[PDB]
Amino acid sequence: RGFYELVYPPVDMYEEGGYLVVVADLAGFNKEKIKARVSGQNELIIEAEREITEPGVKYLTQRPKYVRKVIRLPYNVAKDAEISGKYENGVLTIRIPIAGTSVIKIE
Amino acid sequence: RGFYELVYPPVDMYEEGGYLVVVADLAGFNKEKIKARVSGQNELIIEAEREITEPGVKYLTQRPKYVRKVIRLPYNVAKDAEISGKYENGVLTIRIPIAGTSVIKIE
Amino acid sequence: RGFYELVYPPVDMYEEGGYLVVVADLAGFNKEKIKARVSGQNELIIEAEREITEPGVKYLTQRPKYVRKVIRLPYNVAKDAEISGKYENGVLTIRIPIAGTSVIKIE
Amino acid sequence: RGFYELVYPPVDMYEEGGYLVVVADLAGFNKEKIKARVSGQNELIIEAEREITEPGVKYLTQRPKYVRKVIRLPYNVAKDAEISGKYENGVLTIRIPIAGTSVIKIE
Amino acid sequence: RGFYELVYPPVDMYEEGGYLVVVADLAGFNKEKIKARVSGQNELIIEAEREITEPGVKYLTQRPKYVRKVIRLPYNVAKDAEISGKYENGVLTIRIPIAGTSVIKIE
Amino acid sequence: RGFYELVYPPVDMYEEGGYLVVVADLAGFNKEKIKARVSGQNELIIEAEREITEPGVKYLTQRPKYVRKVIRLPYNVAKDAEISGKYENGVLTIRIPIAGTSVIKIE
Amino acid sequence: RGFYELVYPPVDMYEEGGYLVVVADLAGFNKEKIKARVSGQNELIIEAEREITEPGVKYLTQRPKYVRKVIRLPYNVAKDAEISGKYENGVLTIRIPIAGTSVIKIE
Amino acid sequence: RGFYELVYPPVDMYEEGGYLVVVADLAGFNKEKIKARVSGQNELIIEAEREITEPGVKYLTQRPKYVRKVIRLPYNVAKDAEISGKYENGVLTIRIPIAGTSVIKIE
Amino acid sequence: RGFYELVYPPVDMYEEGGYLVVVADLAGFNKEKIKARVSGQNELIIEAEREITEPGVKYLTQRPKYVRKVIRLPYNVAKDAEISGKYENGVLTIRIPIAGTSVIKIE
Amino acid sequence: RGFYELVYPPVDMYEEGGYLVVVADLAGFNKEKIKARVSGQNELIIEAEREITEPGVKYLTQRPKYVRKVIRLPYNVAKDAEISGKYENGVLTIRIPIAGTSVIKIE
Amino acid sequence: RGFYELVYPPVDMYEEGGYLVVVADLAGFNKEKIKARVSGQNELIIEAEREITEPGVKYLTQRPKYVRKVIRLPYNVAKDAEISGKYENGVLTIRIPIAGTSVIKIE
Amino acid sequence: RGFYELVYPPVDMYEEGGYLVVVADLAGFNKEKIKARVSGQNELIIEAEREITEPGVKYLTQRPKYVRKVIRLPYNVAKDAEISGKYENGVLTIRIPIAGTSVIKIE
Amino acid sequence: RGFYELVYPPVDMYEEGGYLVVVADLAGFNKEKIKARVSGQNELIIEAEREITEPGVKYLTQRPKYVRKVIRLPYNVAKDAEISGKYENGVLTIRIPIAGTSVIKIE
Amino acid sequence: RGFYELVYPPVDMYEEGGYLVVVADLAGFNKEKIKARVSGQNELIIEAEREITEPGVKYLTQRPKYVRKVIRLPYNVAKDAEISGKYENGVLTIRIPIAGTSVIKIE
Amino acid sequence: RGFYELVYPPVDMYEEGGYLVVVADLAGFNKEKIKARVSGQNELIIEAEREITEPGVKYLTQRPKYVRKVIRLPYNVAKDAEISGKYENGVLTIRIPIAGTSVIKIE
Amino acid sequence: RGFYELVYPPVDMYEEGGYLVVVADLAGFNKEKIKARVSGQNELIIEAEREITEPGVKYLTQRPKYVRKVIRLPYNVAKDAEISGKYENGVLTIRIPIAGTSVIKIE
Amino acid sequence: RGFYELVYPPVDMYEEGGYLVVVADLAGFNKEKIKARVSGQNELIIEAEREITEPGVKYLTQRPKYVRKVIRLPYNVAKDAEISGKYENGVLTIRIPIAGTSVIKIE
Amino acid sequence: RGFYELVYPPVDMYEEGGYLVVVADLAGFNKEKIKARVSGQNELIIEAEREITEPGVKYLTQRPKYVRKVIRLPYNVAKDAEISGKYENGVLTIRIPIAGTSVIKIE
Amino acid sequence: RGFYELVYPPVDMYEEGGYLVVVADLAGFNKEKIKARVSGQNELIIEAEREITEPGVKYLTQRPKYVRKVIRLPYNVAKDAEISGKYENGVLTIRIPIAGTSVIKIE
């Protein structure tokens, strides 16, 4: 519950041949109580929450219940398809359709 | 791979009726390639590593492959039993025997 | 009329099962001379004004006649329905339709 | 519940022909759960409280349940009459008897 | 030609019963060599230029030939009508249609 | 009415073959309600005023009604002739006789 | 590979009678391995990459393999036509359709 | 024409088995209007120039016409052979003879 | 005997339905050698003293023999009744009559 | 509950002829809900907790429910005997065996 | 054309038995394109200009085309005679009549 | 004789088709009492001196009798020919042979 | 003999499958006049010394005769075996037994 | 009794062929009222005290009665033998057994 | 030999019924190789020296061989008698005659 | 691989009766993969490289693979003879001919 | 006993026709337990002491028992006569003989 | 031996009709143990050394045994003749041939 | 003549078995035009002067003609004997009688 209500989550993204994709850890949290979403086509949406109220002595439980950090998207995508999301062992990865009419005249 | 080779993992500990215990996230990493350890009875030992080399475009993969942070123990325990460790969905929790002859004369 | 032409109003918002909602005080001001509006779907609009010109001695009337403070919205909503607004005893609350196709693939 | 447990209420006072008077907003709060008081004749007394515990998502409910700010009186009044107080739509106004033997010899 | 290539023009705007309007000086410059425009519905567009090359001694001609300063709009308007612009004696004023479905539920 | 009761007008001057001259903008203001003057032969005199009291909503009318800025003259002129002044479209220009016995012995 | 992974490329743009245009160097890089794109109609998109791994001694190869710098557009254009791009000898120039209904009422 | 009359060109050098070599970009500029040179055997000489005078609106043409930056040589070479220079697509590369009697007694 | 001749005692107060009350620790000190008092009706009074002269080696006896800290009262009380005081196990609590004619006209 | 969750407890220690001893206040807390302990032979261990949740008006209850502060021991002792502890009226004193083979060769 | 548009010219003045005089360098500039003048009787006036537009490579031409620096006069002189000026080899000297009724009663 | 024993002379150089050249003012000083020189082929040499001892009142004769400032040469020249120097009206210009085997392989 | 009596030696360590190991330079010094040691199982021990008294002119002999720098060990080892040390060509490497009962319960 | 209750004693130590040893002044104090000790094998223990209460006028008696300063040991020794200590004329020196199995494999 | 060639010796002085006296430590140094003296009647004189050249390993021998610090005298004495000096166990005390005609007219 | 890519190597130089000489450590690196050189007669040249890529756990391998630091020479030497170099056990020493016509007229 | 062991006494001196004199307060202190003196002829001597050990509660007894401050004399006097001293009601004044051969040749 | 190993020698040079010359003190040092030299034609060479090891008490012997300070030459000279050097009574002066072909074309 | 009119001369002093002595350089100055002296018995006296008026070009003659720096004496001497002074080759040394009744009672 430390300053960690801001610091998390982990940043990770790249590209899958027409799939921008994303990655970030999510341990000890069902693939149900999690929430996905859509926003302006060029922004991030992350919410969800569990509850591990400090039990015994409670020393330095610098571990929250839910955090959030927006991060506008590079060149957007094509808001209409399906937000292909997933999760397993923590790997809370996704998928991006990625518009084809991107790389116009190069020559 | 950002300054995240220091910042992670998540801090979380308390007590289980004679079991100090611990908690910290571990997503996308087998309960095998993980390593536990013993050290002076009042310190921390954490290592292990996977490998998700940045695939496609690689934007800001501020997500390492392995990190570590030592944290001496309160009043130690009783180094002799078994380092009751575990893991599932990220929850890389443990168990502490906790010595019985702790709270001496109070009155 | 103090630096209060910036400081007010009070911040308060949450969620009503598909209704983002809002709250904020509005004392001594009719539910007529108030103004609502629409803007970019992800921003705030607040105007209106009364007039309590300092009467007698006028000591430190640090209380304005009208203020305003924009605050872009989380993930917008679905600009088309009706800006369900209200007011009574000061409670200048509202309602938000909130799009249903929000939380896409979680698993 | 933000730093607003100090910032509010609104400052407003003047004079009503022998009635110093006062003004300050009070929205969403009965004219019952409100409290008035007397103190040394040249100070302020304000207390009371409701309870709008953050409902749903709870974003930035920077709106307390009860605040207070003392402000000594100019030249006091004549502690004996009745603290003519009132309230409606937020306007939590009052009345001051104001002593008659104030402006002594001027010429 | 001083730091004046940034400082000018003069800020002035208000409202005309459903017409946001604007004002700003424009001396020594035809109502032809001036340029108007449209942009994101919530931003400003100002360009145009003349040429009074310093003649004789040229002392401190801190007066440019053309300047520009963007200023996003309050709540936009309704980009479709005509950018009712004008000019005379310098008064480079305009007109704004202003959408009617602005002030929704007040009560 | 912003800090613009100081910043304006625009600086512009040079020379017209024995006519130092001057230039500065003047939009939305008659060539009547304008005032000229004489002063010590090496200083500036500028006054006049109109009145565009903020109409509707009044946002940021950072445009005064009258400003002034003195600026001593280079080598003065020959206070006796006529302060050849003018105005049209804003261009509030003038004319300077300029003394002939200026450039004395050069060789 | 110096701080040059940010510093480059060269800024250059102007206008071609209804064609905003752009310019910027691109030496030692095919007109194939380059990438163009579309984004929010008022932003920049630049990616592409080669590979000149430091050969011999490798002294101060402060020259990257690929860089990027976004720069929102003035007043956008009309996203629908073709991103008329090109390249030769480094000159990585383009073309902009530029909407005609730009300069509305001037008089 | 920005502070770019200093910042450019790009730094790049290494070794070609007895050929120190060099690299740096040169787009939009003939392999004729370019100039090479010799100097003290341990310094740099770079000059040349084209001319793309800002055409239309001219926004931020932070792109010069000619720049220069000296950089003494490591251990010089053997000033006598030929300054094997070249150019194509921007790659303005060169060649260095490199003296053979360099690495004297090592053992 | 450290900077603790100022730092102590512990702050604690609230209300007992017409009894403002107080709380603050008092260990190793008799309920006799303690002193209570009255002062202006809106201030604090605390004195008393024992004596534990550093015995043996005397390391960091950062523990005084007597301290004091004044804290004016909110709205005073009704100086006339009895300063209902007490003490046991350290708990040096008290009682306040609290005037009844406090909360005047609320409506 | 002020910064007092650190500041307390009071420091006091000396020696009792082969008994280092300790002293520190403990008011309003049973000699049962207190906790003692052993740690590395040269450190401190202090925990326990009650609960006096602010009752009525709650002004400045700058008094915690539980605090802790470690302070390594001088030359340790001889961890094996019994942590002779006690408590009464707040006086939470202890006892130390103190090894006899301390003061070796002096002459 | 460096900061030299201020720094120059050279300061030099003294006295010639009733002739204050002046001195200052003037190379590469005709005794025709130079300008002299009169001003308030206690100030300086210096203007003129040639033109040596940087020819070839233009390295650091820190040499202007025209500069000016005012320097009020000691006790003035007697504005009426002739500004006895001259020039040769750069030496742009002058002459001052100097009033005779200067040194009044000394004894 | 002010800080001018450093500040002067005036910087000016360029190129004359195979003649780097130089320029710098020299007033009130013969084309004899001046000194030229040679130095390392890439440095400057300037000395000489007259004498204008402050005559009369001597006010602020911030004008030296002789100064000097070194400025290494770009790429040197070909030390062997004649330091083609000159002077007239102040203009203390020169000439440089400039080596022909300068611009080696460009293509 | 410069600040180098602290700066050296070179840091280098890793792991050899159950052998933590170490590395650090040691030139111009016999594999005899060197000293190894044991210390608390989690610290470093380095001493030894030669002697190269500055011979001739002695310029900047910023080279000591002996240095030392402690660096506690990660998790210690198992102090009992033999401090398997060595040396050749400078390479002053070692070997560590490394306890086997290190990585306890992982799953 | 000046800041001298920290500053003293004097530091002095070296080695006696397998006897680390120590040195430090001790004037005006018996070889009886002095104390020696054992601690963790790698730390220092120093206590003892006389008493020279300032007699007459007492000027700047910056001379304490007892001081202490810990200084962990290099590589410890072999806690078991006898703390060979002494004292005479002030010289409060000692003796260290020093373990023989220190300098392991050097070659 | 650290900064201890200044810091030492210990300050200590008072009065012995007509004997100002002095005190200071002197360990490990004969009552022969010490030096006393006389100076201006109101200043200090301290010199002497032994020699304990660092023997073995020499760690931090922050202990000099000789130091000195002057300290003028209060009201001097009566330079004529004998500088009654002594020493034993370190105590290097002295004696002062002290003039009798000191305390003149008090009443 | 720490900041050690600069810090190293060790400085050491003197003189050998007509041989300036040099010294600097070189452990773990063949007398083959090292490189020597000549440069301007008054500078340094040092390059070469091995490769000890961090093996196991890789803790703080603050040891590079190759470093370099230039240091102009005192009075040079006489570039023509042979750069008498060597190496053994790390000792990467050299030899300097040293010109004989150095110490000219002394008397 | 506050910082008053320095601040006091009061400065006061002047002249009595050949008697420099002095003045300063001395309350609550006999004209016996006071001390006078002689020193270098140009310095001050002040000592004496009583004893008012804080009695009851002892609040802020910022009043010492004895203080002293030296202040060299202007031009001394003639050390030989009698230190004419006195005291009464606090006034601890004195007398100075003052040498007659002071004011030598004036004309 | 103070910071004097940098500060000395004394700077002194001028010109002897085609003999630049030099001057600097040299006391207590033979005209034999002194050294002269040649270097790049435009730099300084100064070495030599005696030895006056502090004899008796050694107070502040801020007088070295040998110092050096380089100072490149104005325009060099003509390296070939003889370094005409000398010395007597300290005066360690010299002589410079000075090239004749220095002052080229002046007119 | 630089800041050298303070910096010089060289500090050097010690002792000659009852002869404090002194040393300092004195080049280029007769053993006649030098001045010695006596002062308060505990201060320094140094004056004398030659004259080497900068001859030729005069570059940086940072060498004065005479300097002086006082330095009170340790414990004075015995002002009565003869100021045994000398000089030769610069060495301007002296001699001190040194009082015998210096080192009084040591034991």
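Residues numbered from 1 in each chain as written, not as in the entry; some residues may be left out. Chains lettered and ligands numbered in written order. Part of a larger assembly, values for the part shown. Heavy atoms only, no water.

The deposited coordinates derive from X-ray crystallography, with the record listing a resolution of 4.50 Å.

**Q** Just to check I follow, could you spell out the arrangement of the chains for this structure?
**A** With respect to C-alpha atoms, chain F approaches chain G no nearer than 13 Å, and the pair has no contact. The two units chain D and chain K remain apart, with a minimum C-alpha distance of 53 Å. (Contact = heavy atoms within 4.5 Å.)

**Q** Any chance you could explain the relation of the copies chain O and chain N here in plain terms?
**A** Relating one copy of the chain to the other takes a rotation about an axis and a shift parallel to that axis. Note on the identical chains: chain O maps onto chain N by a rotation of 179° and an axial translation of 0.1 Å, with an RMSD of 0.1 Å. In short, the pair behaves as if placed about a two-fold rotation axis. Ranked by how close their C-alpha atoms come to the rotation axis, the residues of chain O are headed by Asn89 of chain O, at 2.2 Å. Looking at the interface residues of chain O, 100% of them are also at the interface in chain N, so both copies use one shared face. (Least-squares fit on C-alpha atoms.)

**Q** Sorry, what's going on with the interface of chain A and chain B here?
**A** Interfaces are often sized by the accessible area lost when the parts come together. With 34 residues of chain A at the interface, the matching set in chain B holds 35 residues. Taken together, both faces of the contact between chain A and chain B bury some 2700 Å²; the carbon and sulfur share is 56%. Its largest share of buried area at the contact with chain B, chain A owes to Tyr59, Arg63 and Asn89 of chain A, together 25% of the area lost on that side. Summed over the shared surface of chain A and chain B, the number is four salt bridges. For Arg63 of chain B, the salt bridge goes to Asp12 of chain A, with nearest N and O atoms at 3.9 Å. At the junction of chain A and chain B, the tally comes to 20 residue pairs in polar contact. (Buried area = accessible area lost by both parts, 1.4 Å probe. Salt bridge = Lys/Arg side-chain N within 4 Å of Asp/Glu carboxyl O. Polar contact = N/O pair within 3.5 Å; in protein donor to acceptor, adjacent residues only side chain to side chain.)

**Q** Help me understand the interface of chain O and chain N, please; the structure alone is not making it clear to me.
**A** Opposite the 33 residues of chain O that make contact, chain N presents 36 residues. Among the residues chain O hides against chain N, the three largest losses belong to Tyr59, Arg63 and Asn89 of chain O. Together they make up 24% of the total. Our count for the contact surface shared by chain O and chain N stands at 21 residue pairs in polar contact.

**Q** Please explain the environment of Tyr14 of chain F as it appears in this structure.
**A** Examined against the element boundaries, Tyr14 of chain F turns out to sit in the loop between α1 (4–7) and β1 (34–35). Owing to a relative accessible area of 11%, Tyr14 of chain F belongs among the buried residues under this scheme. (Helix = DSSP H or I, 4+ residues; strand = E, 2+ residues; numbered from the N terminus. Buried < 20%, exposed > 50% of the residue type's maximum accessible area, 1.4 Å probe, protein only.)

**Q** I would appreciate a short explanation of the UniProt feature "domain: SHSP" (unreviewed entry) in chain A in the present structure.
**A** Here the UniProt feature "domain: SHSP" (unreviewed entry) sits at residues 2–107 of chain A. Along residues 2–107 of chain A, the helical share is 4% and the strand share 4%, with 53 Å between the first and last C-alpha atoms. (UniProt positions renumbered as here; feature names shortened; annotations may be inferred.)

**Q** How should I be thinking about the side chain of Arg50 of chain H in this particular structure?
**A** Looking at the secondary structure, you find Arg50 of chain H in the segment after β2 (47–48). Buried and unpaired, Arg50 of chain H has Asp25 of chain G as its nearest opposite-charge partner, separated by 4.5 Å. A polar contact of 3.0 Å, which involves the side chain of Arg50 of chain H, links it to the backbone oxygen of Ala27 of chain H. Excluding anything up to four places from it in sequence, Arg50 of chain H contacts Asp25 of chain G together with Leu26, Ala27, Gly28, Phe29, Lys33, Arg63, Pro64 and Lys65 of chain H. (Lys, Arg positive; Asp, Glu negative; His and termini not counted.)

**Q** What's the story with the packing of aromatic side chains in this structure? I'm lost.
**A** Aromatic ring pairs are described here by two measures, namely the spacing of the ring centres and the angle between the planes. By the definition in use, this model includes 28 aromatic pairs over all chains. Residues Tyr8 of chain G and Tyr8 of chain H carry aromatic rings whose centres are separated by 6.0 Å and whose planes lie at 10° to one another, so their mutual orientation is stacked. Separated into two different chains, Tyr8 of chain G in the loop between α1 (4–7) and β1 (34–35) and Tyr8 of chain H in the loop between α1 (4–7) and β1 (34–35) make up a pair that spans both. Classification of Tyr8 of chain H by relative accessible area gives buried; the value is 17%. (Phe/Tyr/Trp six-rings, centres within 6.5 Å; stacked < 30°, edge-to-face > 60°.)

**Q** Could you clarify how one ought to interpret unusual backbone geometry in this entry?
**A** The phi torsion of most residues other than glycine is negative, and most of the peptide bonds are trans. Across the junction of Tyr8 of chain C and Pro9 of chain C, the peptide omega takes the value 0°, indicating a cis bond. Counting through the fold element by element, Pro9 of chain C comes out in the loop between α1 (4–7) and β1 (34–35). The phi dihedral of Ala48 of chain J falls on the positive side, at around 145°, and the residue is not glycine. Mapped onto the elements, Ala48 of chain J comes out in strand β2 (residues 47–48). The backbone of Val21 of chain Q shows a phi angle near 65°, a positive value even though the residue is not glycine. Within the secondary structure, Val21 of chain Q is located in the loop between α1 (4–7) and β1 (34–35).

**Q** Just to check I follow, could you spell out the side chain of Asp25 of chain H for this structure?
**A** Here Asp25 of chain H is to be found in the loop between α1 and β1. Taking the relative accessible area as the measure of exposure, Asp25 of chain H reaches 9% and is therefore buried. A distance of 3.4 Å separates polar atoms of two side chains, one belonging to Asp25 of chain H and the other to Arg63 of chain G. Not counting residues up to four positions away in its chain, the partners in contact with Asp25 of chain H are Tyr8, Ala27, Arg50 and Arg63 of chain G together with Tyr8, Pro10 and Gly90 of chain H.

**Q** Whenever I open this one, the relation of the copies chain A and chain B confuses me. Can you help?
**A** The operation relating chain A to chain B is a screw motion whose rotation component is 179°, with 0.1 Å of axial translation and a residual RMSD of 0.1 Å. When the interface residues of chain A are mapped onto chain B, 100% of them are again interface residues, pointing to one common binding face.

**Q** Got a minute to help me understand a nonpolar patch on the surface in this structure?
**A** All names here are of chain Q. Residues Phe3, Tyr4, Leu6, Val7 and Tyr8 make up a contiguous nonpolar surface patch of roughly 480 Å² in combined accessible area. Positionally, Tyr4 belongs in helix α1. Residue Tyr4 is classed as partly exposed on the basis of its relative accessible area of 34%. (Patch = residues over 30% accessible without salt bridge, like charges linked within 9 Å, V, L, I, M, F, W, Y side chains within 5 Å. Areas by Shrake-Rupley, 256 points an atom, 1.4 Å probe, with all protein chains shown as cover.)

**Q** Looking at this structure, I do not really get the environment of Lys79 of chain G. What am I missing?
**A** Residues and elements named next belong to chain G. Relative to the helices and strands, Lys79 is located in the segment after β2 (47–48). Taking relative accessible area as the criterion, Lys79 reaches 47% and is therefore assigned partly exposed. Ignoring anything within four residues of it in the chain, the contact list for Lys79 reads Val38 and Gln41.

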